[PDB]
Each structure stands twice: as C-alpha cells, then as structure tokens.
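K.L.:
Structure, please.
(12 chains)
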Amino acid sequence: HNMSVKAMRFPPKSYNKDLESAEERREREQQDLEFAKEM
Amino acid sequence: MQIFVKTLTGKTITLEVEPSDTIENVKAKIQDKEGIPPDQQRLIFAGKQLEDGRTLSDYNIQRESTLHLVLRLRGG
Amino acid sequence: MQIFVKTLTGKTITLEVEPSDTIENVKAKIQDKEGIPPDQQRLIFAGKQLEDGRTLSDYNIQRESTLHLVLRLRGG
Amino acid sequence: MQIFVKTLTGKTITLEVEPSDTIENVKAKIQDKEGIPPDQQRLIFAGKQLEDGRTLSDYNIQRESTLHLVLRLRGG
Amino acid sequence: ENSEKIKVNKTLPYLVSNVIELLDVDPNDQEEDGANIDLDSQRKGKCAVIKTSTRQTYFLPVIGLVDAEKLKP
Amino acid sequence: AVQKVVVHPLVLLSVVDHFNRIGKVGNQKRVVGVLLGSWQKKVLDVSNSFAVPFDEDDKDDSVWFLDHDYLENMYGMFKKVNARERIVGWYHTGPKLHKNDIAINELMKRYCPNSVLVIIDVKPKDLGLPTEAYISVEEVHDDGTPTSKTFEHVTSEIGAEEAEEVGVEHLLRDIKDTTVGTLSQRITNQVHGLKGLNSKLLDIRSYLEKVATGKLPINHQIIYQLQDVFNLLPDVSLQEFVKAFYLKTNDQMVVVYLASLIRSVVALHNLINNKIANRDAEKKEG
Amino acid sequence: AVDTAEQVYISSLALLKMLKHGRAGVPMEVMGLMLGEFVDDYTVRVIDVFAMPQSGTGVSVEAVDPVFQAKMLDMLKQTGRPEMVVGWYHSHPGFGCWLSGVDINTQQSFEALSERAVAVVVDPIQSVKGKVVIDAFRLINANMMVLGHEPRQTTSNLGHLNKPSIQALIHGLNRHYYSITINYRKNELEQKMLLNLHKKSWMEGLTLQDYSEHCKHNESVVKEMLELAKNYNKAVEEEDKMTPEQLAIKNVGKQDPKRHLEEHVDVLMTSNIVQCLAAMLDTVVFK
Amino acid sequence: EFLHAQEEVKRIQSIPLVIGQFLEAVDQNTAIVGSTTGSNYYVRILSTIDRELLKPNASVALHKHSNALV
Amino acid sequence: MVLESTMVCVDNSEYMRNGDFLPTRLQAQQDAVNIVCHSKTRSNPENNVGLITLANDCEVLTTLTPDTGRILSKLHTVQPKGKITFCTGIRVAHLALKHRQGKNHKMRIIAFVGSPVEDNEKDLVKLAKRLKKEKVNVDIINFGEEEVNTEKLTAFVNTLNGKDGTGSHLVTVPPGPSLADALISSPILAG
Amino acid sequence: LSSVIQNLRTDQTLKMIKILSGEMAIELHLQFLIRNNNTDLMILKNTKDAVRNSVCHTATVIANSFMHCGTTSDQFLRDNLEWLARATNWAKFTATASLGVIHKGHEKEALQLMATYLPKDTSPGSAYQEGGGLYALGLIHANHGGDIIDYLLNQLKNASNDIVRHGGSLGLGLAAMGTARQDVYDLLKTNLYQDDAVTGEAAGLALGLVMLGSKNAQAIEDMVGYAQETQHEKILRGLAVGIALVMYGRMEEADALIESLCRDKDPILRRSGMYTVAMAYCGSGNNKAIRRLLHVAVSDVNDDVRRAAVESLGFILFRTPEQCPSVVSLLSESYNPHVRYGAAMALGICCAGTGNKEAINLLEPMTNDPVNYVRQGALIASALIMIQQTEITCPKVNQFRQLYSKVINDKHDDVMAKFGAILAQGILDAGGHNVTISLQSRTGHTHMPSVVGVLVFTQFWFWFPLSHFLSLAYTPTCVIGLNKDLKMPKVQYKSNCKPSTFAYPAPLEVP
Amino acid sequence: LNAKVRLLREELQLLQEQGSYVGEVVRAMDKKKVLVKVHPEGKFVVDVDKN
Amino acid sequence: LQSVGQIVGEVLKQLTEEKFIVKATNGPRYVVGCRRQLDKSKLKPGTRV
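P.N.:
Numbers count the residues shown, from 1 in each chain, chains lettered A, B, ... in the order given. Shown next is the protein structure:
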C-alpha cells in the first residue's frame, strides 16, 4: 500500500493548476442587495 | 425638606419636597430632572411599593429618608 | 514599618502599620487623616489591584513600599 | 552532579544532585536555595515539560545539562 | 381616552366569518414563573373556534368585544 | 437509598465563581453552599446552586458559624422563579474531609432528611475527575466500640443537556483533541489508565509506613481487605490458560490479515485510474 | 466621542445562563437583567446575570414585581458581589438579532439614567454546537444628525472586521443604532476546569470487552463483506462505458460498493488491534 | 479544521421546515422538487446529504423561504 | 445616637433551675432580655440583635435581625440543661459579628453569667487581649451567684477595657427583686 | 562611536569629531534633499477632491507628509487650510505630528519653528494639539538625541492631562533611543506604573526604545511582571512590542525568554513571543527559527498570533530575497483571511527595495480578494516594493499607477480598502523620488533604525497615529564629491546609458 | 483540500438564494419570445436569456 | 385588544423528542417543535392541536 500510494500518484500536474471564481458577480450581487436595503 | 432617592445604577438624586406633595409630583420632578417618563418608573420605600393617591406625609416619609427607583422592564 | 501613599495629586502620605493589618483598616486610616470616603478609594500596587477582605502580609508588601491610590469616578 | 537551570532574566543556578534523584527533590532544593514555592514552576528540557514522578535518568539528562525554569513571576 | 383608544382601533374593513365551536377551558396541572404564559393556564372562561371566509380555521384564546352568552354555532 | 448522582456544568462554573469571589469578604480557605435539584428512580440530578455565608476558626474544631435565616430566605426567593427544584444537599471546596462536617450535616439535614455531600476540588494536581459524593450512615462494630456516625461513598458522574453543550463546545477553543479513532483509544484507555493505577498503589504504599509506630493500626478491617486484594489477583499465567490465550490471538489477527489485503487492492485500482487518465489527456492536449 | 474599538467582555458563566434560560421560553421573548462594571473608556465587562418574575402573551412580556429586584440585588452584596447594573438581555427565537419598536423605548431610558448602557440579544434556536449567535447594541443619537456626523470615532481597523447581515439591515441597524464587538477572556482556573469536564475514570481504560459477543460482531461484518465484493466486481467491469459524470448521476439510488467496502475496514481494524493490545498489556501488570 | 467546519452548516436544518417530494436530479448539487403547495421548483441541494438514500418519490424537507434541499 | 450590633448570649446551664430570684432564674432573665432589646431598638431603629446560648455546645438561635419579636418568641422553650462553656461562646459571637450587614456599624457583646466558670485565668487574658485589638466591646452581668466568678471576670474586664478605655463594664447583683426592675435600668442606659 | 570618541579625545581633531558624531552628514543630506526637490501636486488635488468626508480624510494628511519628507515644503498645508480645519478629535493630533516628517533633520532652531505652530497657538488646551507638538519635536531629532533630551524630560513631568503624557512619552522614547539613560528609564517606569489606560501604552512602548538591544537583566522583569498582571488591554498591546526591542541580534542568548512567552496562556504575550524571535534573528536565515516560527501559523487558535507569526518571516530572510516567494506563495491560498494578509506583508517586506518580479506576480491577483482588508494589505505591499522603478527598469508598473487612481475614485467602495490606495500613492513617490527603503547598509551591515521603523509601522493596524514611524526608513540615494576643506566643488560626472532608464516619471499634469 | 474547505465554508451563504420554476413551452414566438405555461397558473409569454 | 389567534392543525407523527410532523387543515404539511410542558405523552398520531 505504501509503495503504491507513494509512487505513481504524481499525475497531479501543473498542466492545469488551480481555478477561482468570478469578479463582477459579487459586485452585482452587493449592488442588488444594497438596492433591496434602501427599500 | 430634602429626600434622597437612589437607583439600581448607583447614581443618587436629592429632591426638595413638602409633606403635602403626592407621589405623582415626585415622579414629575424626577422626569424634570432626568427625562424618564412618569409612567415607566416605579418607586419603593421600606420594602413596599408606592402608589399615587396619597401624600408623602401619609407614608410617614421623614426628613432625609431614602427611596428606591426601579424602571419598567418591557420587551416585545 | 513605614508606608508611602501617592495620590493623583502626588501628595505623599506616611503610614505606620503592621504586616497583619487589612486593607479596610488602611483605607480607614486614610479616611481619617485626609477626609476621603473609604469606599471611593481603590488601591494599586504595581499591576495588582488590592482587595479589601485580606491582609498585607498576604501580598508580602515590604517596608517603605510606594503605593498608588486611584479614584473610581462615579456617573452623574 | 552539577546541573544548570536558567531563569528568564539571565540568572543561572548550578545545583548538586544524583542520578536517582526525583523531580520533587529538585524543586525542593530550588525552594531551599531561592525560596520559590514548589508549585509555581515548571521545568523544561529537550523541548518537553517534565512529569513530577519520574527521575532525571528517565529523561536521559546528562552531565552539565542546562534546563529552563518557567515561572509565574509574581504568583499573583 | 380609554373609549377613544378603543374606537380608533375599530377601522371598519372587517373580514366576515362563521363560528364553528364554543369550548370550555381549564388550566393545566402545573405552573411556573419567570416564563409563564397568560393564555395556556390562567384562562378559565369560554373560548371559540372560527372559520374564516378565505378557508382558514383559527382558534381564539380570548373572545373579544362580544359577550359569549349570545353566540351559538 | 441513592444509587448515583449526576451533575450539570452550570454547578461547576458556579462553584469556581464563588471561590474566586470570596476574597472581598474574608481570607478563608474553604467555601460552602446549597444544591438545588430533583430526582427519580433513585437517580439524583443536581442542577443549580447558591452560596451562603460560612466561617470557621481554623485552629480548632467545634467553633464555626453558618447562617440559617439567610439560607431559608434565599430558598424562598428562588422557589418563586422555578418550582421544579428543592433542597437536596450541600457542597464544599476543600481538598480533603474535615473533622466537623458531620456536625454541619446534622444541622442542614433538618431541611432535607436525605442530604448528600459533594466535594468539588477546584485545583486538581493530577489527571482525574472533579467531584465526589458522600452519604451519612451509622456503623455497628464487632469490637464492642459504640455505634459510630460516619460517611459512605456514592458513585458519581457528569451529565449534560442539549441547551448547555452548545455553550460548552462554543467555549472549548483552547487546545487539540479528537485525534480520531485508533489514536484516541490507546491514550484514553491505556496511558491514562496506568497513571491512575500507579497513583493508587503509591497511596497504599505511603499509608503502610505510618504503621511503623507513627499511627495505631486503624483496624484489622483494613488488613483483612488488603489480604483479599493480594489473594484474589489472577492466577499465575502458567497453566493451560496459555493454550486458551493463543487460540484467540490467532483468531483475532486472521481477520486483520484479510482486511489489510482488501485495503491494498483498492490502492492499486485507484493507481490505474490516475495513470491512464493522465497520459491520455496529456497526449490529447498536446 | 465613542471610540470604534471598545469591547464587551462577557464571562463564560453569563453566557451559559443566558442560553439555558432562553431555550425554555421557547416561543416567547423572555428577558433579564445584567450586572458588571465599566473598567474603562475602551471596555465594559459583564460578570453575572439573573432572571426575574415575569409574564407575557406570546406577543409581549414584562416583569411584574419591582421589589424582588432591589431585594435580590441588595442581598447578593453580603457574599462578595457588590457590582451593579449595566444592562439587560432578551431572547429572539429564530427571528435573528435586532432591536425593534418597544425594545428601543425601554432601552433609551437606560441611557438617560446611565450613559454607556448596553443591550444584548441572543438567539437560542439557530445556534448549534459550533457557534452561538449573540449581539450587543447601543442606540444612535437622537438624530440632530442631518449634520452628517459619524456616530463614532475611528483610529483603528479594529472595528471593521465583520460584515453586517442582510436581516439587521432590513430592520435598520446602522440607521438607528450600532453594533459592538463581543469578546471572551477566560481566566486560568475555569479553563483548567473546562478541560476536565469530559475526563473519564481510569477504572474503565483497562477493562476488556467480552470475548463472546465480540466474536459475534466479527462474524457479522465478515459475512457482510461478501455482497460488497460481488457488487464491486461488476462496478469495476462496467465503468468508462459511458460519459464520465453520467456515472455519478446514474448512481444516486443504488449504493456504490467502494465506500461501503472500505468503511468495513476501520471496524475490523481498530477493534481487533485495541482489544489485542489491551489484553496483551494487562496480562503483565497484574501478577 | 474540516471536521470543525463540517457540521457548522446545519444552522440550515432549523426547526420550521416544509415537507416536499423528490423528483429527479439534473446534475450533482442540483435537482428538481415538487412542494405540497403544488408548485414545482428547480433548486440547489446541500452537500452533506448522503446521496445513496434519495430515491424516486422520497419525502424530503425544504427550507421555508429559499426552497433548498436540506 | 450611634449604630450598634449587639448579641445577647443567654445562659441556660443546669444551675438556672435554682431559685434565688423569685419565679426561677429563667424567668428572672427573660424579662431582662425583653427590656434591654426594646431599649436597643427604640434607641435608634436600625440597630439589630441576635441570640446565642451556652451549653455543652454553643448554639446560634437567630442572626442579626432588626425585629425584636423574632428573638422573644425564639427565646421561649430554651431549657435548663448541661454545663456552661464561656470562651467558645465568646469566640463564636466574634465570628458572627464580623458578618454584619453594614460595616459602618460598630459592635457590642452582652452576656449573662449564671454559674461557676471552670476556665483557666491565663486563657481569659489572651482572649481579652486579642479581642482588644479587634475593637469588640464586651459587657458582663454577673447576674447569678456573685461568688467564684467575682474575680476572674473583674480582672478580665480590666485587661480588656483597661489602659483607660472605659467602654466596657462589669455589673453584679445579689438575690432580690427583679433584675430589670431594680438593677439594669440603674447603672447607665443599659449594660 | 560613543566609545571611540573618548579614546580619540583623550586642531583638525576638533573638526573630525564633527564627522564622527554626524553633524556634517545630516546637514549635507538636508541640503541635497532641499535642492533636488521635485513633486507634481496634481495627484493630491485629485485625491483631495475625491474625499467624501470619512476616515479617508486622515489618509491624505498622512500620505502628503510622506511625499514631502525631509524637504520643508510646507506649501501644501499652508493654503487650503479651511478644508484641513475640518479635522477633529484624535485626528487633529495626527495632523500636527506630520509637521515633523516634513522638517525631518531640520535640526537647528527647531524650537522656534514649532513655536510658530504652537502647542499654545491660542493657549486653548485642545491638548491633542500640544501632545502633537511634543511628538513632532521627537521626530525631528529621530535618532540624534543630544541637547533636546533634557528639555523633553522636564516637559514630561509637568503634564496636566493624560494625552499630553502620551505624546510626551512617545517623543522622549523616540529621541533618546539606544542610550539607556537611567534617569529616563526611571521617569518612564514611574509613569507606566500610574496605570492609566491611554498613557501606559505610549510609555510601555517608549520604555523599549531607550534600552534597545542592550539586554538588561532587571528591566525585562520589571515589565513582564507588570504586563502579566494588569487588566487594561491597550497596555498589553503596547508592551507586546516593548519587550522585543530589549533583544536585538542576540542570537542564542534570548532563547530562554522565548520559551517563556510562547508557553503563556495569554494570547497577546503568546504573540509578543513571535516579534521577539523576529528581532532576535534578523538576517541570520537560521533554520532553527523558521522551523518553529512557521509551525505556529498552521495550528494556533487565535488569529492575531497567526498573522504576526506569518509576517515575521519577512525579517529572517531579507538577506536572500530569492527565497520568500518559494514558501509564502502556497500559504497565500489559506482559507482564513488573516493568514493571507500576513502573507502579503511578509512578501512586501522581504524584498522592499527591489523591483523583484515574482513578488509582484503573486501580489497582482490579490487585489480583487473579496475581504476588504486583504485588499488594503496587498495595495500597501505592492507599493513598498517597486519603489522608484520606471517602466523600463521593470515592466508592469504603469498599470498600478492607474489602478490606485480608479479605486480611489470609485464612488461605491469600502473605506478600509481605499485607505490603502491613498497611502500607496505617497509611498511610491516618497521624498520626491530621491529616497529608498533598505535594511542593508552599503558595506553589508544590517541597518538598525529602518528595521525598527518597519516593525513599528506594521502596528498601524491597531493605532493610526503611529504610521509616521515609517519616516525612519527613507535613506537618500545620492553621491557627493568633497574638497579637502570640505567645500563643495562644482565638478560634473557622466553616466553610461540611455537616459530613459533613470528619469523622473515625467509628470503628466494635463492642466 | 484547502479548496474543498473553502467551498464548504461558503455553501451556507450560497444556498440561501431562492429557486426557479419549471414550465412547459407550447410554441415559440418571433424576435426571441416564447409562450410557456407553468404548473398551476396562467400562460406567460416571456423573453429568453442571451445564451 | 393585545391578543392573537392561533392556527388549527392536526398531528401526523412524532419524529424525535422535539420534531413533530403536522398537517394544517388548509394545506401544506410542516415540521414543528413542541413546547416543553405539554405532556408529550398525549400527542398521539391524530389528535387536533
């Protein structure tokens, strides 16, 4: 078990790294919630 | 006369009164002094409640006696 | 067994006491010799805040220690 | 043998013990030397805090070893 | 002032509805303070159950401004 | 009578608050108070408490002060805001029994014919449990010694309520815990077992010194009990008991073997998924 | 002008009592009174809290005996608690946390009687083992604020660490008052207790489980393994035969035998290991 | 840390909830339901729900206001 | 006017059943208590009073209470029994005086002596001196048989209030008419 | 130097002392910075007009002071005074304190200078004002000590009220730093013991300066004993820094103190352990400090411990700038934002002076982090690094220049975020583009007053008027040729390369 | 693992938003409009999103 | 005047010690928690509440 999990579990590669989320989404949502607030 | 009334906060107030005054006049003086409305505040003396309808002599309030004030506690 | 007290004004007060005295007593001695009400006095000794119910030798205060008085001001 | 104990201010103490000596005698003799109440203290060596029932030999303490005294400075 | 305070409550856009039942109510066996309700125990008269037009059914713990004697299902 | 007693955390925090506060009224080394509770089916539940003034002149027994008509007054003032609960017993925070507390108990028993004592030692110096429970009984004797009025032990534990353990857990941000599963077993039920057993044997060890003329043999009773202890302990692990032991060890380990085998096969399977997925997508994206 | 940074320190005991009292008046806004002291312009500390006699109707509550309060308070002093009143608290079940209508009015008179008062609101029914929902407020000035003056001074980041919820904005928190940050400051001795609060006696640790019944459990799980192995073979056989996510999406009913197979390990293990170890130890420590 | 935050999201399983019927799942983390008020919905599901127990027409409970599987 | 705390430590030893005073010493003292406490409270209304009794143990009967009636209805059904024990009584009254409700009051002890006291003199001198530095004031009525106790008590009171303190008294009486009638109202306002 | 001057004195020597004690160097630097002065005021005019009255007001009259550092160019605050008068309460204090940074090193006749902007301009009290005055008189002499000490000491004694003592102990603990003057330590300790919650912070910090680096058996006990047993918090937030300055590079010696503080229950002492293990090992790169200083970040249970624990790494490695991105670049993806903020500051402070590329590469995507204060952190850090650079000297500059502008102009954005941008505008143009941050002397010696400058600066998190403490770190970048008479020759020099690499950033003041 | 913890932390806020209806289209109109009828109510003629 | 009606409904089953399923008479089912004192022994499936 140790050898198997130790060895060829390298395919976690930098070919694709890590992602994220949108940037305008939160802005729009906050504007909408502030509009609701004003009311 | 002078009369001392003290509150659950630890602040203390001194009032000038004459024996013919009623409780309501006391509460009015307190409101003048501090801004609490007359309907909120409850008074205590010698371990029994005060009520309007009576003069301060009637409870035998003597010179330099001490009164307790406690607020109406309502929520909803 | 001499003790120095410093007030906010910086006046220094000298006390002849005993290691088994109590804070109530020294607070009363100050009341006698300067006129300050006892219960307004709070005692400060380095960081510690001294409690009325127990004795100087419990805090192992030594000769000619310098000791601070602080006034807990009250609302008005 | 001769052991070293360090206090935060840069004071060092050298002390005579034996291999079979237990932690309690060490704390006792530090009390006798310096007057520290036996409970207000913790001894640290090898990055660990020792247990009062073991011997120095249980922790592989060797000659001229230095250990750190941890102290609640004023106790209270 | 008291009668005016009652009057100024009675704005006429009432609903209308039908009485379904009249009930006899008895306090619980046990009581509390610091947390007691005026309405669970500590009621002793009549209570009613009404059916509104919009097909609700409400229990009423206090009848209101009409004497319970003159109601019937 | 009582078979067990259960304590809620609110009592323990109350005790500690009282202990820290007294410094404003005295210099004593012990404090005393009243336990409000309820019970059913011989299981007693303590829920709430208030503390009443007490004082004692340390240098002698038999000179102590305890304020009745403050206790009665508070009990009245509490009853008005919770009808569920009634006087049950009393607590004090000394590390050890005292000579006069039987004479305290005979007082406060007038408020409840069954009253129970709980010692809540506030400064532990060991791994252990913070409470002990005691009830009062009369002892006959075989020596013809007159009838003795003396305490007896009762088993105890901490309990909980859903409305409180939310608060306890919100507050337990202090240190590590929950080293899950096999990590927590051996610590919680081997090491912290052996440390306790060792402390007990050291206590017996110390007592059997004083009998070197330091103190009178308290009774042949205690010696009879010790002889039972050293007689009962399991027979030497030397007979055909050994055979019976090997059998179960084989059976206990065989299934472990099986499970370990299962454990490895899945790793290989996961390995293959990772391998092919990688290379394929690589060549594809190239 | 009030500094943005000022804390409220509540003392762990008070919190437990606030909960065990709020989660009883389950659908009603029970209330109570709160005792402490004003250490400084950057602090207020609450040290204890106690209930009252009170009655209500679901839509409201209030307390009925005024004497009880002064009598209880003046009693407590005889046992080292001379501290006085600084505020009050009431529970909102499930609503959320805010002050509304009447609660402002009974609040505002405190501030005429004692500046620097504090009103606390707790919610006992949303809370859960990880976290309790508490808030502490004080009223904004009685307007004269067309001047556009800020209610408070700021000289730190220390007050802008938290995001106000939508609900309080609906009921207008920054429009009529302001929130103040809660903080805890446990002392040495209570936290020493708080860890003991779960310790269990040495008597148990050395004890063995019965060997019978134990064997029964072993045979139960081993015979449960079969069906999972059988299913696992097919589950291996059939994969990659369709689009990838359409594996999971078509596996919402029937279970996937990998997990159920895996989690029967960590039951043969753990159990067998610890039992064999405990027996192996105590065979030495007694005779 | 993950265990500490794992159960922190059961503030959502508060006491007053509506009962509804399960229909089908579009993709993981989303499905469609039919409430007892009669109107269907396409909604989000919460992560910690074990997926091996939801089957055709099994009575689930939904948030009162947001209408999310809980 | 000055605010004072007073504990009255009645005596109930066996010797109290004898008959020097007319009804029997028990009724000879109950009336005296009844008058002295009326005097304490009527002197100023917020003084307050408590009760202790001396037997083979000491026992407290009612802590500092502002209403005299509590004491009176309490003092009844105290029964003559056992042997007096003086020191322990005075100690436990010292304890109970510390815990007064308002520390601005100063404090007093009153005791009635009605039997031989088997105490060693040099114990009384220690007790007296420490009570001296604790500012507690004692005040002894040698109500019963004057002999035997005539000396020890007098030297005690001397060593206590002496050094020209003057605040503490001994007063004593032969058999005759009522204590309250002839005696107690005579020496000063009371004590 | 204070030692060697004695072996030298016991003539040309009588003027050689004028070099040994720095009298010349100071006034030469002053003359350079005053002559080479160059700033475009339009940026301030913009940010001024974008002010919608808020906390942000203060950020101008701090930031302005950065760009005019050293240069005595008062002419921005001399006019538009009526908008400045809109300040109130504690902020007024800070405004007066800035009058220090503009005159830094304008040593002579300073007393009349501030008495032209009096503590008693109207004898009003307004004792935020006067305490400001003292704080300024402290900053002019920021490390020169000398004849002002015995003024300020007296001036502390007779303070009426507890804000004047605050400015006073700050100024005095500033000027006399490093000297260990026993009378000063006495006066400060007696004021600390007075146990007032505002002054005891100022005094508790200042107390640490006058003992800097001279480990002292007694004073550390006389202050950890007080910190360990007092109830006000601000006192602890002062002392938690005040301790570490008693250690300085002392390598292994301090380790005993370390093992004390890191064991403490009390969170703020547990924190101050970390600052100590930073100041004890500056530049050493010693692995033994890293292995523990980082382990705290991953497990400790109170956030400010985690931020200070992460951020301290910016001091151990600053002798090998290549390393920090290799370790922090992962940690910057932590879930809880406090760690991310700390990572931004560690990264910005490891490589403060350089144009290092990978640092900026990692800092760019933080600028949109949802949690406003990490945006403030990233903006500051971005601006500390990349000081003085031109678009040739590094690409990826002129987009930041406008980023700051747009985020300050945005009408619907958090004040706490847009505080950072307006600070950054000043950081990037400090001194008139003639000054730089460095922890590293030309010869390779570690430079002390800048290290202290930044460690104190990072506490602006807790207490605003502290930010001026950065002005210690602006070393000027110039060369001067000097005659044997110490006259200035009118000589010239040349430079080897296309001028566009050096130039001032070409002010674009359209109107 | 850090990514997974991040998502789990945000789920509580995220799944607070409200849902959406499901309806049957009967026939499409011109200029990007459609006639759809919902389960218990009246037909609604309504536009479409950009994608 | 300061009083309010209460909704009528019917109990279907007790789920746990604090979770009951009710059906209002008008429509939607619900999940609802009890009040502490009501003698939960009495909420058999079917009683009106």
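
K.L.:
And the residue of the stretch 101-250 of chain F that's closest to chain E?
P.N.:
Nearest residue of the stretch 101-250 of chain F to chain E, counting by C-beta to the nearest C-beta: residue F:163, 13.6 Å away. Where C-beta positions appear, they are placed from N, C-alpha and C, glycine not excepted.

K.L.:
Show me the strands in the chain, by range?
P.N.:
Using chain A here. Listed in chain order, chain A contains no strands at all (DSSP state E).

K.L.:
Wait, chain L was what I had in mind.
P.N.:
L:6-7, L:9-14, L:20-24, L:29-32.

K.L.:
how distant is the longest one from the center of its chain?
P.N.:
Spelled out, that is strand L:9-14. Offset of strand L:9-14 from its chain centre (C-alpha atoms, centre = their mean, to the nearest Å): 6 Å.

K.L.:
for the shortest one, same thing?
P.N.:
Distance, stretch centre to chain centre, for strand L:6-7: 10 Å (C-alpha atoms, centre = their mean).

K.L.:
strands paired with it, and their directions?
P.N.:
strand E:57-60 (antiparallel) (DSSP bridges).

K.L.:
ok, residues contacting the partner strand?
P.N.:
Strand E:57-60 has contacts (C-beta atoms under 8 Å, 6 or more residues apart in numbering or on different chains) with E:20, E:47-52, L:5-8, L:25-26.

K.L.:
what do you get if the cut-off is 6 Å, keeping everything else the same?
P.N.:
With C-beta atoms under 6 Å, 6 or more residues apart in numbering or on different chains as the test, strand E:57-60 has contacts from E:48-51, L:5-6, L:8, L:25.

K.L.:
What about the residues you listed, which one has the most neighbours?
P.N.:
The most crowded member of the contacts of strand E:57-60, judged by other C-beta atoms under 10 Å in any protein chain shown, is residue E:48 (21 neighbours).

K.L.:
if I pick it, what's in contact with it?
P.N.:
Residue E:48 touches E:22, E:60, E:63, counting by C-beta under 6 Å, 6+ apart.

K.L.:
Grab the nearest non-local neighbour of residue B:64.
P.N.:
Closest residue to residue B:64 apart from its sequence neighbours, by C-beta to C-beta, 6 or more residues apart in numbering or on different chains: residue B:2 at 6.0 Å.

K.L.:
count of residues packed around the one you found?
P.N.:
10.

K.L.:
List the beta-bridge partners for it.
P.N.:
The partner residues for residue B:2, given DSSP bridges, come to residue B:16.

K.L.:
hmm, back to that, out of the contacts of residue E:48, which comes closest to residue C:67?
P.N.:
residue E:60 (70.4 Å; C-beta to C-beta).

K.L.:
From residue B:64, how far off is residue J:322?
P.N.:
Distance, residue J:322 to residue B:64, using C-beta to C-beta, to the nearest Å: 83 Å.

K.L.:
Where does chain A get nearest to chain D, residue-wise?
P.N.:
Closest point on chain A to chain D, by C-beta to the nearest C-beta, is residue A:2, at 29.0 Å.

K.L.:
contacting residues around that residue?
P.N.:
Counted by C-beta under 6 Å, 6+ apart, residue A:2 has zero contacts.

K.L.:
excluding its backbone neighbours, what's nearest the closest residue to chain C within chain B?
P.N.:
Chain C sits closest to residue B:11 of chain B, with a gap of 5.4 Å, by C-beta to the nearest C-beta. Closest residue in space to residue B:11, ignoring its immediate chain neighbours: residue C:75 at 5.4 Å, by C-beta to C-beta, 6+ apart.

K.L.:
now residue F:26
P.N.:
Residue F:26 sits nearest to residue C:53 (C-beta to C-beta, 6+ apart), 5.4 Å away.

K.L.:
And for the one you found, the neighbour number?
P.N.:
Quick note: residue C:53 (other C-beta under 10 Å) scores 17 neighbours.

K.L.:
what's the answer for residue I:89, then?
P.N.:
With other C-beta under 10 Å as criterion, residue I:89 counts 24.

K.L.:
What ranges does chain H have for its strands?
P.N.:
Going by DSSP E, chain H shows strands at H:17-24, H:30-35, H:40-44, H:59-62.

K.L.:
Can you check which of the ones you listed gets nearest to chain E?
P.N.:
When those are compared for distance to chain E using C-beta to the nearest C-beta, the nearest one is strand H:17-24, at 18.0 Å.

K.L.:
and the closest one with chain L, contact?
P.N.:
Yes. Legend: contact between strand H:17-24 and chain L by C-beta under 6 Å from any C-beta of the partner chain is shown at H:17, H:19.

K.L.:
Sheet partners, orientation included, of that strand?
P.N.:
In the sheet, strand H:17-24 lines up with strand H:30-35 (antiparallel), strand H:59-62 (antiparallel), strand L:29-32 (antiparallel) (DSSP bridges).

K.L.:
Confirm residue G:133 sits in a strand?
P.N.:
Yes. Counting by DSSP: H, G, I helix; E, B strand; the rest coil, residue G:133 is located in a strand.

K.L.:
Would you mind giving both backbone torsions of the residue nearest to it when sequence neighbours are not counted?
P.N.:
Spatial nearest neighbour of residue G:133, excluding adjacent residues (C-beta to C-beta, 6+ apart): residue G:123 at 4.3 Å. Backbone geometry at residue G:123, expressed as degrees, to the nearest 10, gives phi -120, psi 110.

K.L.:
With the one 5 residues further on instead?
P.N.:
With angles defined as degrees, to the nearest 10, residue G:128 shows backbone torsions of phi -160, psi 170.

K.L.:
distance of it from chain A?
P.N.:
Separation of residue G:128 from chain A (C-beta to the nearest C-beta, to the nearest Å) stands at 25 Å.

K.L.:
residue contacts, that residue?
P.N.:
With C-beta under 6 Å, 6+ apart, residue G:128 has these contacts: H:10-11.

K.L.:
Can you name the residue of the stretch 1-150 of chain F nearest chain L?
P.N.:
residue F:84 (10.6 Å).

K.L.:
and the residue of the stretch 51-200 of chain G nearest chain C?
P.N.:
For the stretch 51-200 of chain G, C-beta to the nearest C-beta, closest residue to chain C: residue G:114, 6.1 Å.

K.L.:
and what of chain A?
P.N.:
residue A:37 (36.5 Å).

K.L.:
Next: chain E.
P.N.:
For chain E, C-beta to the nearest C-beta, closest residue to chain C: residue E:34, 29.8 Å.

K.L.:
Neighbours of the nearest residue to that residue once chain neighbours are set aside, how many?
P.N.:
The shortest distance from residue E:34 to any non-neighbouring residue, by C-beta to C-beta, 6+ apart, is to residue F:81 (4.5 Å). Close neighbours of residue F:81, defined as other C-beta under 10 Å, add up to 17.

K.L.:
From residue E:66, how far out is residue F:81?
P.N.:
Here residue F:81 is placed at a distance of 37 Å from residue E:66 (C-beta to C-beta).

K.L.:
burial measure for residue 34, as a count.
P.N.:
Just going to use chain A. The number of residues packed around residue A:34, counting by other C-beta under 10 Å, is 12.

K.L.:
meant chain L actually
P.N.:
Residue L:34: 16 neighbours (other C-beta under 10 Å).
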